[PDB]
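K.L.:
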Amino acid sequence: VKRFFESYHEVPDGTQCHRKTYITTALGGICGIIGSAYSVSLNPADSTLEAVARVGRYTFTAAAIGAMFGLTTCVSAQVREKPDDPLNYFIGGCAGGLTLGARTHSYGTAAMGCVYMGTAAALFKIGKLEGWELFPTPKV
Amino acid sequence: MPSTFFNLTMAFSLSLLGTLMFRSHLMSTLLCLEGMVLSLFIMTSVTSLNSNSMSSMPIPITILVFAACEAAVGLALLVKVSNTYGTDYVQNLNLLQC
Amino acid sequence: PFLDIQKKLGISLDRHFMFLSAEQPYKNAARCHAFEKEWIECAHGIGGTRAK
Amino acid sequence: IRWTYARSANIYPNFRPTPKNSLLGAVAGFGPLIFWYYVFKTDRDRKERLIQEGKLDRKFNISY
Amino acid sequence: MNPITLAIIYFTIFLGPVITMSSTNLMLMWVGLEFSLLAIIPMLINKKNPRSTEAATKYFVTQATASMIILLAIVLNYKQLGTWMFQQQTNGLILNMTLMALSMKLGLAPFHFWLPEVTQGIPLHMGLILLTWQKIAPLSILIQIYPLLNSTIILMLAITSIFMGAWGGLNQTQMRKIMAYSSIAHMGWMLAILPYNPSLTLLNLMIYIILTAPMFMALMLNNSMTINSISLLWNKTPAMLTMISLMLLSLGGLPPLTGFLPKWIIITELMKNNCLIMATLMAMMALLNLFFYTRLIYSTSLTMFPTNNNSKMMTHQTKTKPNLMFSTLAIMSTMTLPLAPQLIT
Amino acid sequence: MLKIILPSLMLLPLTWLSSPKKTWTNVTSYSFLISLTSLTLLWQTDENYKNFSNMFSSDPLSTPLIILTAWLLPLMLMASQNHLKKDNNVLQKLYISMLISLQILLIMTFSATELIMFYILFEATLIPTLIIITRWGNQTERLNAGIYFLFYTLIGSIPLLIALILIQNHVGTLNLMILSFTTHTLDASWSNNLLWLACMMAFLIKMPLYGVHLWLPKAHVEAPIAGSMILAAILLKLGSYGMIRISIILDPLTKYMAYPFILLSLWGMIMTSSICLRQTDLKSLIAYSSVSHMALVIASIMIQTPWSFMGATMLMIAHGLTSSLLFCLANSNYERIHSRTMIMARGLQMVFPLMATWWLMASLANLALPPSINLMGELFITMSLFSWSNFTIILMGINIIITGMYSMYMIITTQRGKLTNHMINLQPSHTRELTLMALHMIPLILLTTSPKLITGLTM
Amino acid sequence: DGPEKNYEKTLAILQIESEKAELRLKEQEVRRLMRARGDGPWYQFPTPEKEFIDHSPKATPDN
Amino acid sequence: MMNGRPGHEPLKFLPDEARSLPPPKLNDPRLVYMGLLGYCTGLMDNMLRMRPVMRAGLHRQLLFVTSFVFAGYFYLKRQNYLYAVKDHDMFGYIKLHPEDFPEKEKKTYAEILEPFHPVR
Amino acid sequence: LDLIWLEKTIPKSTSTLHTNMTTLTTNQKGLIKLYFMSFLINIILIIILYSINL
Ligand SMILES: CCCCCCCCCCCCCCCCCC(=O)OC[C@H](COP(=O)([O-])OCC[N+](C)(C)C)OC(=O)CCCCCCCCCCCCCCCCC
Ligand SMILES: CCCCCCCCCCCCCCCCCC(=O)OC[C@H](COP(=O)(O)OCCN)OC(=O)CCCCCCCCCCCCCCCCC
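Residue numbers (the authors' numbering), protein chains in the order written: chain Y, 1 to 140; chain K, 1 to 98; chain e, 1 to 52; chain m, 65 to 128; chain N, 1 to 345; chain M, 1 to 459; chain h, 81 to 143; chain d, 1 to 120; chain L, 553 to 606.
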């Protein structure tokens, strides 16, 4: 999965949009599996049928988050012809937020997701442009 | 020795996974804890005998004594649970949530 | 260790059986005694990073 | 007292978001801002360009 | 308990972490850990109630699992390197299991689910003993191996520790649970500063201990288990609300209190090591911690909650309960900030 | 600066050791002497800056703020004398101690030569305002107002702390003069943009900027009179001083990062002046007037003209004085009628002629009457804003028109008209509160007479 | 007193602050270099002691 | 980070080379603040035990002030030694590695061209 | 603006978000079985991050 995750970054944005959507969908799926496992273990369902139904619901929701994020980001980058720009990631994160609000069926959650995920995606894009270390090895 | 040590580490891993996945019996949980203890004793003893480390063969004796006193403490706690609730079911132990 | 009471008082409560090439009963050498002695003799006095 | 409470403290408990007031709040909180942004941006870009090729004359302007 | 077993149990509680700190052997640090655990268990089950039994059982099974993982790491290191100390080239898997089990012993998130429940149901002085004394030994083992640990795993554990601690302390009302999630957030701060500067980890640990002690003494003055119970403190002991406010603001990290110094120097060192995003998230969750502290301050000191009728008789009675070193720890935990270069090393 | 800090520090043992029948007198007289001693920082016979020590210094911008704080402290005690007359001696001495702590920490805050010390003293001043508002506030919304104020300000101030530590690591000392001398240009990258926002938003919250100004009206309403004074007259200007100190090391990208905040300030002073027109609470109306005036200060500081910096300085001092006077008149009416309603007390010109006169001069200073320092600040801000862009004059004109409208609406509905004859509990006047209005209004006249003292750093 | 006193006091303050600035930058560089390659007093991670090694002749000759 | 230095005496409070340092002046703001903190501790203890705040326990307040000043003095001596030996190791490492710390030739304001950003 | 939408935008939205998060994160049933299952998930996750970090 390693070469997969840094194979998202081997191509410039606005190019290989289907591939970028597939990798971001896979990342969202893994995050949804982790969150669903935590949900069904901390808060157990009444039976295994609705337990695995909750797992599938969370996984599909987060996979849709990743799919909409990757598709919106790559489409915006290619239609505005400037890949190294955080606003593409802001629009993609906002589209993911509207996707989360549609899955939750709440426009308030849509607005939360849009603003917060767009800000997070913009900061992530800035970090990947200009070298922010999220987990740096000790140096001093 | 590497195959048998791998088998011992997988035995410890299985006992740990059994400890982490609770059932209705705190006795079974304590038995899984001593499955881990026994696996630790065999790995320490085989390592000491393979390395001829006569200075460190007391270490299995110390792990046995210390883990046995720890399990005596745990058995006393399970006795207290069985006395207050009739049984040793771990789902009876849940009123500290609030 | 985190605290050096053993080094301050000069006692050796548990420092004399740290490794295989340490003191042994009736001078029974452990396996790789020479190799571990060579490693410790190399690594002493230069720190962990330079030892690595 | 009832009039002051209704005008001051009852508004947010008794507010519910509807599409009409959402659109009204969006336009009343943003449209003047983008409008004056474009006005001031066009004026400042024109003035800056006029200074860069020197067509704007500041004959006695020293206290800016 | 008679004084013979009281002395034996307290001496072993003292002796466990002392062996762990004084010991240069992984085996001896392990045995000091179960001296601490085994000696403190009768002190939790001292009150003999179902809640105390529940807390003792959960605490025992958590520490037993973590101690067995620690011994697994020690035995694997002993096979791989032939010694009894993670020297320089022990396996990263072994080091990560060691960090896993020490974080489980400490009760920091996502291994934090037992600490508020164990802190609840036991008396306040045992909550103080747990939340202050029982953490020096796992911190000692963590400090002894600082250059070998994994910064990514530590940073994840720390940031989720502060997140869950802030959210829990925001959530509940119970004083012991509030102090437990406060401990989880503070251990998140210490764990985050651990791989870069263990001296600042020790400084944060001492600041947290000298802030936790007068909280627990003030709670033990009236056995105030509840936000309401500490809210009618103005009728019981009005001469303490000022120090309650000052020490809770110090726990929140507000300047010019000396509790701002650990967070400040930790952020400074983390930014010396360039983890700006992590430091920002930690500081925002510290603001959440300060929020539930400020709500507690509002309940107990700045407002005056309604009282009872038997509080008149309780004021009629006298008291000699509050000890002498409450004020010393209180002053050292409030007004020490201009001595910051002396506090840091 | 130590000769001002130490006797203000020794005011606290005087407060806690004075007799209960002499505490107010002793502390008020000695704090007046503190203000008199603090007047010695105006001895600036050279272009050089008064660097008293390695830690404290005085400046042409820092000096008027220090003198203003030292002047407001005895006025604070005078305003707090009345509503604590039925209160315990220990709590009275505690309140006096809280005010003295405000005065001390604000002098150190304005006189600090280090931005990290400035930040420490920044929320070290935040704490006792919280305590004053939360404990001695009257209504039930004081707790919520304290929460709003504290958390707007702290969510502002945390990225300021991160930006300060980053600047210290990048440069080396974070000393103000060392930064001012070895200022380095920025590369206009995203990291520098986010750093600029981090070091700007704390002072923008403390100003408050429009959109994030919601903590101010409720804090000013539910605060006591001393809290309203300290907020409206010192703390907003403290955020002002913070931006002026921090803007030197932010070239060149402030010339385009200034854009959203200038627009927010202009449209927000228009918005808040409209709220002042349609406001039913006197304290809320004065609070929103303060928001509009500090929005003018934002516009000047962000356009960064020297004339704008001067206008911001004179507007700082003038608005602090006139806002404190307005809150004092509102608090006198509130202690008369036990209500905060704008329309409930109407014909006070009849019963209180001298207090209505003080009302009139306070409102005339509020609406920028010439040749006051208020209008000098607004006019020079107007000149600099028109130099920055010629279409700012429309927003300035709308703001000034609505400013005159809300000031005269205040005067008409609080003084003029028929008297509400049902208010038979109208005591004539306290010499204490009349003295309070006089001590607020006379320094406005003196600074109008000599405006060179509050011109600031630029000229 | 006069303007020269404030002028020279400001000069002394600026000298002290500049020296503190360059000292802080140098100690950052020193700590980074020493942590990267520990060869001085600081960041000396421990190492097992040679004094607890048996050097006497033993039962097995091949040691 | 300074525990592994050569010549480190284990668990030694004030080693003999610390005797080379000048002692604190014994009337300096740190120790004066320590005495003030001890006095405040005594007053706070009196108020918490519901005694007269200043008129009671004068021996207790004197003991508090004396112990605070004593402990602060010895801790200040240790901290001064620690900062001095940190600076000593700093300057020794800088002298021992001159190629990593070059004295850069820094120009005046006559060869460097800072860009001008007009405010208008 | 002031009494509806800025309140709905910054402070009440932040408070509602943190209230929802703290309820969701501390709706704990109080079962040591669920807690140890969570601990097992944490162990598996940390092994996964070690394997992908190397
Ligand atoms: C009151 C306002 C609240 C909202 C706005 C908050 C500030 C927004 C702008 C600053 C970013 C966030 C704070 C970072 C502080 C440090 C900035 C800095 O040093 O930048 C340069 C640095 C970059 O450092 P650098 O300059 O060394 O870059 C490296 C450059 N090279 C490689 C060439 C050497 O930027 C960052 O590190 C920013 C990362 C921020 C990530 C975390 C953000 C968390 C969320 C923040 C807001 C939370 C509260 C509000 C939530 C919503 C409420 C409704
Ligand atoms: C134009 C510029 C736009 C950009 C700038 C926007 C930001 C401006 C500054 C932010 C201001 C935030 C203000 C927050 C406080 C106001 C809300 C509040 O008061 O909530 C109260 C409520 C508890 O109320 P309670 O007292 O229990 O009951 C009511 C009466 N008894 O509280 C609750 O229910 C929960 C409150 C939680 C604590 C809130 C304060 C801390 C918030 C921390 C945010 C961290 C953000 C980053 C997180 C990590 C990344 C996702």
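In this text, a Cβ means the ideal position worked out from N, Cα and C, and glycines have one as well.
(1) Using DSSP with H/G/I as helix, E/B as strand and the rest coil, what is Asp-281 (chain M)?
(2) When you compare only the Cα positions, how much space is there between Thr-132 (chain N) and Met-243 (chain N)?
(3) Could you tell me whether the Cβ of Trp-267 (chain M) comes closer than 7 Å to any Cβ of chain m?
(4) Considering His-570 (chain L), what are the terminal residues of the alpha helix (DSSP H) in which it resides?
(5) Going by C-alpha distance, which of Y:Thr-61, Y:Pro-44, Y:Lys-125 and Y:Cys-94 is nearest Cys-31 (chain Y)?
(6) Against chain Y, which members of the region 109 to 140 of chain h pass a CB distance test of less than 8 Å?
(7) Can you check whether the CB of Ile-556 (chain L) is closer than 7 Å to the CB of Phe-94 (chain m)?
(8) Take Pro-23 (chain d) and list the residues in its own chain whose beta-carbon comes closer than 8 Å to its own, dropping the five residues that flank it on each side.
(9) By Cβ distance, which residues of its chain are closer than 7 Å to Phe-35 (chain N), with the 5 residues on each side in sequence left out?
(10) Which residues in the same chain as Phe-69 (chain Y) place their Cβ atom closer than 6 Å to its Cβ, once the five residues preceding and following it in sequence are excluded?
(11) Buried or exposed: where does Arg-142 (chain M) fall if 16 or more other Cβ atoms within 10 Å of its Cβ makes it buried?
(12) What do you reckon, are the CB atoms on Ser-265 (chain M) and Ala-299 (chain M) nearer than 7 Å?
(13) Does any residue of chain h have a CB that is nearer than 7 Å to the CB of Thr-37 (chain M)?
(14) Using a C-beta cutoff of 7 Å, does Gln-44 (chain M) count as contacting chain d?
(15) Just tell me which of N:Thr-336, N:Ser-327 and N:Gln-342 has its CA closest to the CA of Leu-43 (chain d).
(16) I want to see whether chain K comes within less than 7 Å of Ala-101 (chain N), judged by CB atoms only; does it?
(17) Roughly how many angstroms separate the alpha carbons of residue 127 (chain K) and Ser-39 (chain K), rounded to a whole number?
(18) Check each residue of the region 62 to 93 of chain N: if its Cβ is closer than 9 Å to any Cβ of chain h, include it; give the result in chain order.
(19) Report yes if the C-beta of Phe-5 (chain Y) is less than 6 Å from at least one heavy atom of ligand 2; otherwise report no.
(20) With a CB to CB cut of under 7 Å and the five nearest residues on each side skipped, what residues in its chain are close to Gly-137 (chain M)?
(21) Could you give the distance in angstroms between the alpha-carbon of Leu-30 (chain K) and the alpha-carbon of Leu-64 (chain K)?
(22) Run the CB neighbour count on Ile-424 (chain M), radius 10 Å, all protein chains shown included, and call it buried at 16 or more, exposed below.
(23) Should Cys-114 (chain Y) go down as buried or exposed, given a rule of 16 or more other Cβ atoms within 10 Å for buried?
(24) Please compile the residues from chain h whose C-beta is within a distance smaller than 7 Å of the C-beta of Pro-147 (chain N).
(25) Ligand 1 heavy atoms versus the CB of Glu-130 (chain Y): any closer than 6 Å?
(26) Does the contact criterion of 3 or more C-beta pairs under 8 Å hold for the region 120 to 128 of chain h versus the region 33 to 47 of chain e?
(27) If you draw a straight line from the C-alpha of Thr-68 (chain m) to the C-alpha of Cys-276 (chain M), how long is it?
(28) Could you tell me which residues DSSP puts in a beta bridge with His-25 (chain K)?
(29) Residues in the region 51 to 72 of chain K with C-beta within 7 Å of chain e's C-beta atoms, listed in sequence order?
(30) Is it true that the region 106 to 114 of chain M meets the region 60 to 73 of chain M, where meeting means three or more beta-carbon pairs spaced less than 8 Å apart?
(31) For residue 102 (chain K) versus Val-81 (chain K), is the C-beta spacing smaller than 7 Å?
(32) I'd like the list of long-range same chain contacts for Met-200 (chain M), defined as Cβ closer than 6 Å, with 5 residues on each side in sequence excluded.
(33) Is it the case that the region 149 to 166 of chain M contacts the region 286 to 302 of chain N, given that we only count it when at least three CB pairs across the two stretches are under 8 Å?
(34) Going by DSSP, name the residue or residues bridged to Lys-50 (chain M).
(35) Closer than 7 Å, CB to CB, is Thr-313 (chain M) near chain m or not?
(36) Rounded to the nearest angstrom, what separates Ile-59 (chain K) and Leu-248 (chain N) at their Cα positions?
P.N.:
On the basis of the coordinates in this document:
(1) strand
(2) 20 Å
(3) yes
(4) 563 to 577
(5) Y:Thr-61
(6) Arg-111, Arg-112, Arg-115 and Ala-116
(7) no
(8) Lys-77
(9) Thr-12, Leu-15, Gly-16 and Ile-19
(10) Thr-24, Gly-92 and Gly-96
(11) buried
(12) yes
(13) no
(14) no
(15) N:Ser-327
(16) no
(17) The question about residue 127 (chain K) has no answer, for chain K in this structure spans 1 to 98.
(18) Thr-83, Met-85, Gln-87 and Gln-88
(19) no
(20) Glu-222, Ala-223 and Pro-224
(21) 15 Å
(22) exposed
(23) buried
(24) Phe-125
(25) yes
(26) yes
(27) 15 Å
(28) K:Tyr-89
(29) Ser-51, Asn-52, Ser-53, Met-54, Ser-55 and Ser-56
(30) yes
(31) Not covered by the structure: residue 102 (chain K). The range shown for chain K is 1 to 98.
(32) none
(33) yes
(34) M:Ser-58
(35) no
(36) 46 Å
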